[PDB]
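Peer 1: So here's input.txt (compact mmCIF, C-alpha atoms and all ligand atoms).
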# COMPACT_ATOMS: atom_id res chain seq x y z
CA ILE A 1 2.15 6.26 12.12
CA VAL A 2 1.41 9.50 13.98
CA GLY A 3 -2.03 9.42 15.55
CA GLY A 4 -4.46 6.94 14.06
CA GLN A 5 -5.70 3.77 15.72
CA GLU A 6 -4.14 0.39 16.47
CA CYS A 7 -4.50 -2.36 13.86
CA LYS A 8 -6.85 -4.77 15.60
CA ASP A 9 -6.50 -8.50 15.09
CA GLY A 10 -7.22 -9.23 11.44
CA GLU A 11 -7.62 -5.60 10.30
CA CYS A 12 -4.31 -5.14 8.45
CA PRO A 13 -3.33 -8.64 7.15
CA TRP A 14 -1.64 -7.27 4.03
CA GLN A 15 1.05 -5.52 6.08
CA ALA A 16 4.68 -6.60 5.73
CA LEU A 17 7.76 -5.49 7.62
CA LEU A 18 11.27 -5.40 6.17
CA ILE A 19 13.84 -6.26 8.83
CA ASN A 20 17.61 -5.83 8.87
CA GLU A 21 20.12 -8.44 10.08
CA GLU A 22 19.94 -6.65 13.43
CA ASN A 23 16.35 -7.89 13.06
CA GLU A 24 14.96 -4.37 13.43
CA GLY A 25 11.96 -3.30 11.37
CA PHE A 26 13.06 -0.47 9.09
CA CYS A 27 10.47 -0.36 6.29
CA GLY A 28 6.96 -1.36 5.29
CA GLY A 29 5.58 -3.48 2.50
CA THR A 30 2.32 -4.71 1.02
CA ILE A 31 1.45 -8.35 0.44
CA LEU A 32 0.31 -8.76 -3.16
CA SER A 33 0.33 -12.55 -3.44
CA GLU A 34 1.96 -15.56 -1.77
CA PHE A 35 5.24 -14.85 -3.58
CA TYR A 36 5.27 -11.02 -4.01
CA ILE A 37 5.74 -7.97 -1.80
CA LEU A 38 5.32 -4.31 -2.85
CA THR A 39 7.46 -1.57 -1.32
CA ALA A 40 9.25 1.74 -1.84
CA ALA A 41 12.52 1.73 -3.78
CA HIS A 42 14.27 4.14 -1.44
CA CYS A 43 13.78 1.42 1.22
CA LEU A 44 16.36 -0.72 -0.58
CA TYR A 45 18.94 1.70 0.79
CA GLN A 46 18.33 1.55 4.55
CA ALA A 47 19.88 -1.91 5.04
CA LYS A 48 22.50 -4.22 3.53
CA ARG A 49 20.61 -7.51 3.85
CA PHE A 50 16.99 -7.82 5.04
CA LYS A 51 14.14 -10.32 5.41
CA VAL A 52 10.39 -9.66 5.11
CA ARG A 53 8.02 -10.40 8.01
CA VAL A 54 4.27 -11.02 7.94
CA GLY A 55 1.50 -11.58 10.47
CA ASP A 56 3.17 -9.43 13.11
CA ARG A 57 1.32 -6.80 15.18
CA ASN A 58 3.56 -6.45 18.26
CA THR A 59 7.33 -6.42 17.65
CA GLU A 60 7.96 -7.71 21.19
CA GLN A 61 5.12 -10.05 22.21
CA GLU A 62 5.80 -13.13 20.04
CA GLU A 63 2.19 -13.70 18.95
CA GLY A 64 3.46 -17.00 17.56
CA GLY A 65 1.35 -16.25 14.50
CA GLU A 66 4.18 -14.57 12.60
CA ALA A 67 6.40 -15.90 9.80
CA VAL A 68 9.66 -14.64 8.30
CA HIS A 69 10.53 -14.93 4.61
CA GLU A 70 13.70 -14.47 2.57
CA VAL A 71 14.04 -12.41 -0.59
CA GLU A 72 14.97 -14.27 -3.77
CA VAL A 73 14.95 -11.25 -6.08
CA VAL A 74 14.53 -7.53 -5.58
CA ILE A 75 12.94 -5.77 -8.56
CA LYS A 76 13.69 -2.06 -8.21
CA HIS A 77 12.32 0.45 -10.73
CA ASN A 78 15.09 1.56 -13.08
CA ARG A 79 13.92 5.15 -13.44
CA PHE A 80 13.93 5.54 -9.66
CA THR A 81 15.95 8.53 -8.50
CA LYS A 82 16.86 9.47 -4.93
CA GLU A 83 17.20 13.18 -5.79
CA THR A 84 13.50 13.50 -6.66
CA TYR A 85 11.92 10.40 -5.10
CA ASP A 86 10.26 9.81 -8.47
CA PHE A 87 9.43 6.20 -9.33
CA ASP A 88 9.64 5.31 -5.66
CA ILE A 89 8.47 1.72 -6.06
CA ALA A 90 9.81 -1.86 -5.90
CA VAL A 91 8.67 -5.47 -5.94
CA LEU A 92 10.03 -8.38 -3.91
CA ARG A 93 9.84 -12.00 -5.11
CA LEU A 94 9.92 -14.28 -2.05
CA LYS A 95 11.96 -17.48 -1.70
CA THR A 96 9.10 -19.38 -0.06
CA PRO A 97 5.28 -18.98 -0.40
CA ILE A 98 3.39 -16.97 2.23
CA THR A 99 0.78 -19.13 3.91
CA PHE A 100 -2.35 -17.07 4.38
CA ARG A 101 -4.01 -17.26 7.77
CA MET A 102 -5.20 -14.78 10.40
CA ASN A 103 -3.34 -11.44 10.01
CA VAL A 104 -1.78 -12.69 6.79
CA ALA A 105 -3.69 -12.03 3.57
CA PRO A 106 -3.04 -10.11 0.31
CA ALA A 107 -4.39 -6.70 -0.72
CA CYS A 108 -6.10 -6.56 -4.11
CA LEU A 109 -4.49 -4.98 -7.18
CA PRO A 110 -7.19 -2.80 -8.87
CA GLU A 111 -7.74 -1.98 -12.55
CA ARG A 112 -6.00 1.25 -13.67
CA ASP A 113 -9.08 3.18 -14.85
CA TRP A 114 -11.57 1.96 -12.25
CA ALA A 115 -9.05 2.84 -9.56
CA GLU A 116 -8.48 6.45 -10.60
CA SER A 117 -12.22 6.88 -11.15
CA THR A 118 -13.74 5.09 -8.15
CA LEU A 119 -10.90 4.55 -5.67
CA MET A 120 -8.94 7.79 -5.59
CA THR A 121 -12.18 9.75 -5.73
CA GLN A 122 -13.10 8.16 -2.42
CA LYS A 123 -12.88 10.63 0.44
CA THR A 124 -10.21 8.61 2.25
CA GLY A 125 -7.69 5.78 2.23
CA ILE A 126 -5.81 3.78 4.86
CA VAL A 127 -2.07 3.97 5.58
CA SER A 128 -0.39 1.69 8.13
CA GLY A 129 2.96 0.73 9.65
CA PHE A 130 5.40 0.20 12.53
CA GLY A 131 6.88 3.66 11.96
CA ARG A 132 7.55 6.48 14.42
CA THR A 133 4.69 7.74 16.58
CA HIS A 134 6.03 11.29 16.35
CA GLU A 135 8.58 13.03 14.13
CA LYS A 136 11.24 12.95 16.87
CA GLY A 137 9.85 9.79 18.51
CA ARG A 138 10.80 6.11 18.31
CA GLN A 139 9.69 3.30 15.97
CA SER A 140 6.34 1.81 17.01
CA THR A 141 6.12 -1.52 18.80
CA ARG A 142 2.53 -2.04 17.61
CA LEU A 143 1.10 -1.99 14.08
CA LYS A 144 -0.98 1.16 13.52
CA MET A 145 -3.37 2.39 10.83
CA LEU A 146 -4.57 5.88 9.88
CA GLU A 147 -7.49 7.09 7.81
CA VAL A 148 -5.93 9.75 5.59
CA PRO A 149 -8.17 11.83 3.33
CA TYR A 150 -7.16 12.19 -0.31
CA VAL A 151 -5.63 15.59 -0.96
CA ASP A 152 -6.50 17.91 -3.82
CA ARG A 153 -3.69 17.66 -6.35
CA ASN A 154 -3.30 21.44 -6.57
CA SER A 155 -3.34 22.02 -2.82
CA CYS A 156 -0.66 19.31 -2.82
CA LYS A 157 1.79 20.97 -5.23
CA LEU A 158 1.24 24.32 -3.45
CA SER A 159 2.05 22.99 0.02
CA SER A 160 5.07 21.03 -1.24
CA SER A 161 8.61 22.43 -1.14
CA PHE A 162 9.36 19.82 -3.79
CA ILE A 163 8.05 18.74 -7.17
CA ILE A 164 5.06 16.45 -6.80
CA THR A 165 5.35 14.27 -9.93
CA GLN A 166 2.73 12.33 -11.88
CA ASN A 167 3.93 9.22 -10.02
CA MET A 168 2.91 10.59 -6.62
CA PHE A 169 -0.16 11.88 -4.80
CA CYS A 170 -0.91 13.61 -1.47
CA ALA A 171 -2.92 12.19 1.45
CA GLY A 172 -3.36 13.33 5.05
CA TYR A 173 -4.15 16.60 6.83
CA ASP A 174 -3.12 20.25 6.62
CA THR A 175 -3.10 20.79 10.39
CA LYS A 176 -4.39 17.72 12.26
CA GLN A 177 -1.46 15.87 13.85
CA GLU A 178 -1.83 12.63 11.89
CA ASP A 179 0.28 11.33 9.01
CA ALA A 180 2.70 8.48 8.30
CA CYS A 181 6.27 8.99 9.47
CA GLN A 182 9.74 7.41 9.45
CA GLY A 183 9.81 3.62 9.25
CA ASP A 184 6.40 3.53 7.58
CA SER A 185 8.16 3.84 4.20
CA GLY A 186 7.22 1.19 1.64
CA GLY A 187 4.12 0.38 3.65
CA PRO A 188 0.59 0.04 2.31
CA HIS A 189 -1.96 2.71 1.42
CA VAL A 190 -5.24 0.99 0.71
CA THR A 191 -8.69 2.20 -0.30
CA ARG A 192 -11.87 0.48 0.89
CA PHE A 193 -14.77 -0.35 -1.43
CA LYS A 194 -17.73 -2.43 -0.29
CA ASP A 195 -15.60 -4.08 2.41
CA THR A 196 -12.71 -5.02 0.13
CA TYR A 197 -9.40 -3.17 0.30
CA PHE A 198 -7.34 -2.34 -2.82
CA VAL A 199 -3.71 -1.18 -2.96
CA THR A 200 -3.48 2.45 -4.02
CA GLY A 201 -0.22 3.89 -2.76
CA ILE A 202 3.23 3.04 -1.42
CA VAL A 203 4.38 5.14 1.57
CA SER A 204 7.02 7.38 -0.03
CA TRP A 205 7.99 10.64 1.65
CA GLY A 206 7.10 13.86 3.37
CA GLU A 207 8.66 17.03 4.76
CA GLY A 208 8.80 15.98 8.37
CA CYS A 209 5.89 14.17 9.96
CA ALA A 210 2.38 15.58 10.32
CA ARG A 211 3.75 19.13 10.04
CA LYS A 212 1.27 21.97 9.69
CA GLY A 213 0.72 22.78 6.01
CA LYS A 214 2.34 19.57 4.72
CA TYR A 215 0.83 16.32 3.45
CA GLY A 216 1.92 12.68 3.16
CA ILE A 217 3.44 11.81 -0.23
CA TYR A 218 2.60 8.35 -1.58
CA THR A 219 3.60 6.52 -4.76
CA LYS A 220 0.72 6.25 -7.22
CA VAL A 221 0.26 2.50 -7.67
CA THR A 222 -2.19 2.88 -10.58
CA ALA A 223 0.67 4.57 -12.48
CA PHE A 224 2.75 1.39 -12.19
CA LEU A 225 0.11 -1.32 -12.46
CA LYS A 226 1.37 -2.84 -15.72
CA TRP A 227 4.92 -2.57 -14.37
CA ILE A 228 3.83 -4.62 -11.40
CA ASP A 229 2.30 -7.34 -13.58
CA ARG A 230 5.51 -7.51 -15.57
CA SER A 231 7.30 -8.03 -12.25
CA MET A 232 4.96 -10.87 -11.24
CA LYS A 233 6.69 -12.70 -14.08
CA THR A 234 9.98 -11.53 -12.56
CA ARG A 235 11.19 -8.93 -15.05
CA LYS B 44 -24.07 2.07 -18.95
CA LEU B 45 -23.15 4.54 -16.20
CA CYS B 46 -20.44 3.02 -14.06
CA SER B 47 -20.61 6.46 -12.49
CA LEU B 48 -24.17 5.91 -11.24
CA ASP B 49 -23.35 3.60 -8.33
CA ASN B 50 -20.31 1.82 -9.70
CA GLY B 51 -22.84 0.25 -12.04
CA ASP B 52 -24.04 -1.79 -9.08
CA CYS B 53 -20.89 -3.91 -9.44
CA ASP B 54 -19.04 -5.25 -6.38
CA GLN B 55 -15.70 -4.20 -7.86
CA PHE B 56 -14.39 -3.34 -11.34
CA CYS B 57 -16.86 -1.55 -13.62
CA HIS B 58 -16.49 -1.05 -17.37
CA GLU B 59 -18.98 0.39 -19.81
CA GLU B 60 -19.23 -1.65 -22.98
CA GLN B 61 -20.66 1.04 -25.28
CA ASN B 62 -24.21 0.13 -24.31
CA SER B 63 -24.49 -1.29 -20.76
CA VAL B 64 -22.08 -2.01 -17.89
CA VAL B 65 -19.65 -4.90 -17.53
CA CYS B 66 -18.57 -5.95 -14.05
CA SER B 67 -15.40 -7.86 -13.24
CA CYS B 68 -13.44 -8.96 -10.15
CA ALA B 69 -9.83 -8.99 -8.91
CA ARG B 70 -7.64 -12.09 -9.24
CA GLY B 71 -9.02 -14.69 -6.87
CA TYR B 72 -12.69 -13.92 -7.38
CA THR B 73 -15.31 -15.13 -9.81
CA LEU B 74 -18.22 -13.06 -11.04
CA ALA B 75 -21.54 -14.15 -9.57
CA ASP B 76 -24.38 -15.22 -11.82
CA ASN B 77 -26.07 -11.82 -11.63
CA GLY B 78 -22.99 -10.69 -13.51
CA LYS B 79 -22.34 -8.15 -10.76
CA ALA B 80 -21.25 -9.64 -7.41
CA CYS B 81 -17.82 -11.10 -6.78
CA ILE B 82 -17.33 -14.38 -4.93
CA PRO B 83 -14.09 -15.66 -3.35
CA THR B 84 -12.59 -18.91 -4.70
CA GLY B 85 -10.27 -19.60 -1.79
CA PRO B 86 -10.33 -18.89 1.98
CA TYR B 87 -7.99 -15.87 1.87
CA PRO B 88 -9.26 -13.64 -0.98
CA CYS B 89 -7.35 -10.42 -1.60
CA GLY B 90 -8.73 -7.30 0.09
CA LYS B 91 -10.57 -9.02 2.92
CA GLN B 92 -9.81 -8.46 6.57
CA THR B 93 -9.21 -11.85 8.15
CA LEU B 94 -11.53 -12.03 11.16
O1 LIG C 1 11.63 15.55 6.01
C1 LIG C 1 11.97 14.37 5.79
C2 LIG C 1 11.18 13.26 6.57
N1 LIG C 1 11.75 11.88 6.57
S1 LIG C 1 10.86 10.67 7.45
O2 LIG C 1 11.81 9.49 7.64
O3 LIG C 1 10.45 11.22 8.85
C3 LIG C 1 9.44 10.22 6.54
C4 LIG C 1 9.50 9.19 5.46
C5 LIG C 1 8.34 8.82 4.68
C6 LIG C 1 7.04 9.48 4.94
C7 LIG C 1 5.84 9.17 4.20
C8 LIG C 1 4.58 9.84 4.48
CL1 LIG C 1 3.15 9.42 3.55
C9 LIG C 1 4.50 10.87 5.55
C10 LIG C 1 5.66 11.24 6.34
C11 LIG C 1 6.96 10.57 6.07
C12 LIG C 1 8.18 10.89 6.82
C13 LIG C 1 12.34 11.45 5.25
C14 LIG C 1 13.39 12.45 4.69
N2 LIG C 1 13.04 13.92 4.88
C15 LIG C 1 13.87 14.87 4.08
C16 LIG C 1 13.36 15.40 2.65
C17 LIG C 1 12.93 16.91 2.83
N3 LIG C 1 11.81 17.28 3.30
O4 LIG C 1 11.71 18.20 4.22
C18 LIG C 1 12.13 14.50 2.10
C19 LIG C 1 11.76 14.61 0.57
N4 LIG C 1 12.84 15.12 -0.43
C20 LIG C 1 12.49 15.35 -1.90
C21 LIG C 1 13.51 15.84 -2.89
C22 LIG C 1 13.11 16.04 -4.28
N5 LIG C 1 11.80 15.78 -4.73
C23 LIG C 1 10.82 15.32 -3.84
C24 LIG C 1 11.11 15.09 -2.43
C25 LIG C 1 14.29 15.39 0.10
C26 LIG C 1 14.58 15.24 1.65
CA CA C 2 5.05 -10.41 17.37
Can you turn what I pasted into structure tokens?
Ligand SMILES: O=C1CN(S(=O)(=O)c2ccc3cc(Cl)ccc3c2)CCN1CC1(/C=N/O)CCN(c2ccncc2)CC1
Ligand SMILES: [Ca+2]
Peer 2:
Amino acid sequence: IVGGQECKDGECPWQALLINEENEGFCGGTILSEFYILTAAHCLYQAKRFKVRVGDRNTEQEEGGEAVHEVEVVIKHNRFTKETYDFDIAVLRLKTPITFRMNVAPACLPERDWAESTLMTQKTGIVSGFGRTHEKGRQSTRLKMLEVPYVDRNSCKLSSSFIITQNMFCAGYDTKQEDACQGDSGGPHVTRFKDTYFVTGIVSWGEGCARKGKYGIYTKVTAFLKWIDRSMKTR
Amino acid sequence: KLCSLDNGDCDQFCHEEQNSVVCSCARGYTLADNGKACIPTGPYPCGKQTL
């Protein structure tokens, strides 16, 4: 997360961090239920074996309120391709149930139509993670969040040096130095509605971090809703 | 009808059933009696900051 504020106690409970055997946090994730985690598919390429962590806000000050979980099954989207970042989604079925407490709660899955009509038409959304603070910088030790305005789909395609598919959408700023960054991949993008947050996008990619004239590219969750349900039945 | 008015005055999901509006809630909520509001069923409902 470049810019943005710090996730204050209880503000980003649906956050999840994928960690390698070296125990380093490399990607993000969203808590859907006690058994399922949502993430980017390209993230299942930045580590051999990895666990998923929840309830953490400071990767060094053992808040004692954290909890690590093992992955039983990784459900990667078949049509996912690295050469286009299309279908950049994935679902993780946990080995043990996540116990919900402070800083550990699930984000809501919205209805496909309502979402596109009332959620993505909202002025902004929230993206969060333990990713780099700057393009060249280092991974963050604290969990951050950033209000990123929804970007016009046309402005998006125009500013992009790559094909922005139907499975993606832009969010962020043209010039302001704020946007997700490395390590934030797979993390959550949520939209607020009457004090309830709904999942809307999976941190996918970008051309650099917070560069002038470039936006943040997220996976369009509403375009994979049904796929996600199917996965909740492990398929 | 008119879920485009003010979300139909629903707390969450809004659907227009030909005539009027039909509100619904995410998994883990139950529609209030006014057929609009959503109420949690457990202590950690999806979408709520835990404070
Ligand atoms: O420039 C980069 C930046 N990093 S990054 O680790 O800091 C990174 C990763 C995820 C991000 C998500 C958001 Cl919302 C915002 C910023 C991000 C920055 C990832 C890789 N690249 C190189 C790429 C080139 N951009 O300059 C990223 C996207 N590519 C395609 C190809 C065909 N179709 C679509 C996209 C190919 C390589
Ligand atoms: Ca900690």
Peer 1: Can you check which parts of chain A lie within 10 Å of chain B? Per residue, the shortest pair of atoms and distance in Å to one decimal, counting only C-alpha atoms, sorted by chain and number, as a tab-separated table.
Peer 2:
residue	atom	partner	partner_atom	distance
A:8	CA	B:94	CA	9.7
A:9	CA	B:94	CA	7.3
A:10	CA	B:93	CA	4.7
A:11	CA	B:92	CA	5.2
A:12	CA	B:92	CA	6.7
A:13	CA	B:92	CA	6.5
A:14	CA	B:90	CA	8.1
A:31	CA	B:89	CA	9.3
A:32	CA	B:89	CA	8.0
A:33	CA	B:89	CA	8.2
A:99	CA	B:87	CA	9.6
A:100	CA	B:87	CA	6.3
A:101	CA	B:87	CA	7.3
A:102	CA	B:93	CA	5.5
A:103	CA	B:93	CA	6.2
A:104	CA	B:93	CA	7.6
A:105	CA	B:87	CA	6.0
A:106	CA	B:89	CA	4.7
A:107	CA	B:90	CA	4.5
A:108	CA	B:89	CA	4.8
A:109	CA	B:69	CA	6.9
A:110	CA	B:69	CA	6.7
A:111	CA	B:56	CA	6.9
A:112	CA	B:56	CA	9.8
A:113	CA	B:58	CA	8.9
A:114	CA	B:56	CA	6.1
A:115	CA	B:56	CA	8.4
A:117	CA	B:47	CA	8.5
A:118	CA	B:50	CA	7.5
A:190	CA	B:90	CA	9.0
A:191	CA	B:90	CA	9.5
A:192	CA	B:90	CA	8.4
A:193	CA	B:55	CA	7.6
A:194	CA	B:54	CA	6.8
A:195	CA	B:91	CA	7.1
A:196	CA	B:90	CA	4.6
A:197	CA	B:90	CA	4.2
A:198	CA	B:90	CA	5.9
A:199	CA	B:90	CA	8.5
Peer 1: Using only C-alpha atoms and all ligand atoms, determine which residues fall within 8 Å of ligand LIG 1 (chain C), then list them as a PyMOL selection string.
Peer 2: chain A and resi 82-86+127+132+135+161-164+170-172+179-185+203-210+215-218
Peer 1: Report, in Å to a single decimal, how far apart atom CA of residue 136 of chain A and atom CA of residue 39 of chain A are.
Peer 2: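 Separating atom CA of residue 39 of chain A from atom CA of residue 136 of chain A is a distance of 23.6 Å.
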Peer 1: Compile a residue-level contact table for chain A against ligand CA 2 (chain C) at a cut-off of 10 Å, reporting for every qualifying residue the shortest atom pair and its distance in Å to one decimal, with only C-alpha atoms and all ligand atoms counted, rows ordered by chain and ascending number, as JSON lines.
Peer 2:
{"residue": "A:53", "atom": "CA", "partner": "C:CA2", "partner_atom": "CA", "distance": 9.8}
{"residue": "A:54", "atom": "CA", "partner": "C:CA2", "partner_atom": "CA", "distance": 9.5}
{"residue": "A:55", "atom": "CA", "partner": "C:CA2", "partner_atom": "CA", "distance": 7.8}
{"residue": "A:56", "atom": "CA", "partner": "C:CA2", "partner_atom": "CA", "distance": 4.8}
{"residue": "A:57", "atom": "CA", "partner": "C:CA2", "partner_atom": "CA", "distance": 5.6}
{"residue": "A:58", "atom": "CA", "partner": "C:CA2", "partner_atom": "CA", "distance": 4.3}
{"residue": "A:59", "atom": "CA", "partner": "C:CA2", "partner_atom": "CA", "distance": 4.6}
{"residue": "A:60", "atom": "CA", "partner": "C:CA2", "partner_atom": "CA", "distance": 5.5}
{"residue": "A:61", "atom": "CA", "partner": "C:CA2", "partner_atom": "CA", "distance": 4.9}
{"residue": "A:62", "atom": "CA", "partner": "C:CA2", "partner_atom": "CA", "distance": 3.9}
{"residue": "A:63", "atom": "CA", "partner": "C:CA2", "partner_atom": "CA", "distance": 4.6}
{"residue": "A:64", "atom": "CA", "partner": "C:CA2", "partner_atom": "CA", "distance": 6.8}
{"residue": "A:65", "atom": "CA", "partner": "C:CA2", "partner_atom": "CA", "distance": 7.5}
{"residue": "A:66", "atom": "CA", "partner": "C:CA2", "partner_atom": "CA", "distance": 6.4}
{"residue": "A:67", "atom": "CA", "partner": "C:CA2", "partner_atom": "CA", "distance": 9.4}
{"residue": "A:141", "atom": "CA", "partner": "C:CA2", "partner_atom": "CA", "distance": 9.1}
{"residue": "A:142", "atom": "CA", "partner": "C:CA2", "partner_atom": "CA", "distance": 8.7}
{"residue": "A:143", "atom": "CA", "partner": "C:CA2", "partner_atom": "CA", "distance": 9.9}
Peer 1: Do you know which residues are at most 6 Å from residue 19 of chain A counting all atoms listed in the file, after dropping those on the same chain fewer than 4 positions away, and could you put them as a list in words?
Peer 2: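 Once the adjacent positions are removed, what remains is residues 23, 24, 25, 26, 50 and 51 of chain A.
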Peer 1: Neighbouring residues of residue 73 of chain B were defined as those with any atom within 10 Å, considering only C-alpha atoms; residues of the same chain fewer than 5 positions away were excluded. Please report them as an MDAnalysis selection string.
Peer 2: chainID B and resid 67:68 78:84
Peer 1: In terms of the shortest atom-to-atom distance over only C-alpha atoms, which of A:224, A:95, A:15, A:169 is closest to residue 188 of chain A?
Peer 2: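 So, comparing all the options, the nearest one is A:15.
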Peer 1: What does the structure give for the distance between atom CA of residue 189 of chain A and atom CA of residue 165 of chain A, in Å to one decimal?
Peer 2: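 Value for the atom CA of residue 189 of chain A-atom CA of residue 165 of chain A distance: 17.8 Å.
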Peer 1: For segment 50-56 of chain A, take all atoms listed in the file, fit an axis-aligned box around them, add 3 Å to each of the six sides, then output centre and edge lengths in Å rounded to one decimal, as lines of an AutoDock Vina configuration file.
Peer 2:
center_x = 9.2
center_y = -9.7
center_z = 9.1
size_x = 21.5
size_y = 9.8
size_z = 14.1
